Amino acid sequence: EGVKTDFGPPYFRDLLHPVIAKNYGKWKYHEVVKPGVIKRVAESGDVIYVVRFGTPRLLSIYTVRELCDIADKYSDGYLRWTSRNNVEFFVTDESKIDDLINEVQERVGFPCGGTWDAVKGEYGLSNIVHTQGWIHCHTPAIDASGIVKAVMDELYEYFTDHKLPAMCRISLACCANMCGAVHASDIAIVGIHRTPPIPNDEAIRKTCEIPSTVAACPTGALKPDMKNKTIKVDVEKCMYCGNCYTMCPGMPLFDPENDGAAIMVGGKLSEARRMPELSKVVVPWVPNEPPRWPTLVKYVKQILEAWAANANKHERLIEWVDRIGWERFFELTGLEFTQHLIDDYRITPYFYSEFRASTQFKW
């Protein structure tokens, strides 16, 4: 026989609740009943309630098993995750929804919420997309899981209720690689370095393919040193992006006192009302201060609260800035503008600003 390979993921259709399989592609409408609970009504007359809960993303297999027991009890053995790592159950008996919610809260401590209702125009804050941080990655500038927890503790009330006037995605990149749509989030927390690498010549000779490491530097701060079969850094050209360390173990640049997070704002993925946008730096640096990152958290909250106090219904952060301008943004958020915030990333072509980075166009 030999080991089976190239068989791919189990086919999803087989893993759908029968009521979902039955009504697949034949939905009439959805209705957000209350935070965390969405009613979906099929053309057949079937009604199913999709009940959503926040999760820490990192799950114990034992928590997955508990979710399975809950799904067997309330959703006929079916569930899904969402694209922001919330978890959802499918309930056909409306009188059981609150029983499910209470059971999830009791058994795994996951809050019902993370929904929003465009129809009434009241929005929850959903989960923070994030990645590995110090839990698993060799290139982070900041932790991911710790910051997400510290932030969601402070903003918890916004997850469990529809208290915001528009969508607000908070997302976290533990380094400049992003590993997520962090560069297009309403509020993005992005791990940065502020110190150049110090080449380890022995490590570079042993392990680094020089031409490709040199070609990895967006500023051309690296040059080969043929004499010493290594690489030299022009520290005046380096902005500490860390890409050369991705390529080369001999180029580390981590400094625990100077690594930290930039806070960016005003990104957008959806098309609704306004084109998608890359996020923009408004706080150059906050230190890592584990376990609660109070400086970072204070700024995220300061930004979210200023936006929420002032935004109209549906007006996302970038849309609020579209309205008031950056001068007012910095005033109302209490943030200082400094020269760091003036873009100087030379290599990106202006012509990209002329491409249609959006599905919005007329036929």
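Start at 1 and count along the sequence shown; that's the residue number.
Report the stretch with the higher mean CA temperature factor, choosing between 225-233 and 259-267 on the basis of the entry. Of 259-267 and 225-233, the stretch with the higher C-alpha B-factor average is 225-233.
Is the mean CA B factor in the deposited entry higher across 150-158 or across 177-185? Mean B over CA atoms: larger for 177-185.
Name the one of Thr195, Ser83, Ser212, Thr139 with the greatest CA B-factor according to the PDB entry. Max CA B-factor in the entry, restricted to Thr195, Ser83, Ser212, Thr139: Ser83.
Going by the deposited entry, which of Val119, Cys168, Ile135, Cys217 has the highest CA temperature factor? The listed residue with the largest C-alpha B-factor is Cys168.
According to the PDB entry, is the CA B factor of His17 in the bottom, middle or top third of its chain, that is, lowest, middle or highest? Its C-alpha B-factor, which the entry lists for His17, ranks in the lowest third among residues of this chain.
Comparing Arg316 with the other modelled residues of its chain, is its CA B-factor in the lowest, middle or highest third? Ranked within chain, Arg316 CA B lands in the lowest tercile.
Third assignment of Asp76 from its chain's C-alpha B-factors: For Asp76, the deposited C-alpha B-factor lands in the middle third.
What third of the chain, by the recorded C-alpha B-factor, contains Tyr24? As the PDB entry reports it, the C-alpha B-factor of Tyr24 lands in the lowest third of its chain.
Looking at the entry's B-factor column for C-alpha atoms only, identify whether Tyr62 ranks in the lowest, middle or highest third of its chain. Bottom third by C-alpha B-factor.
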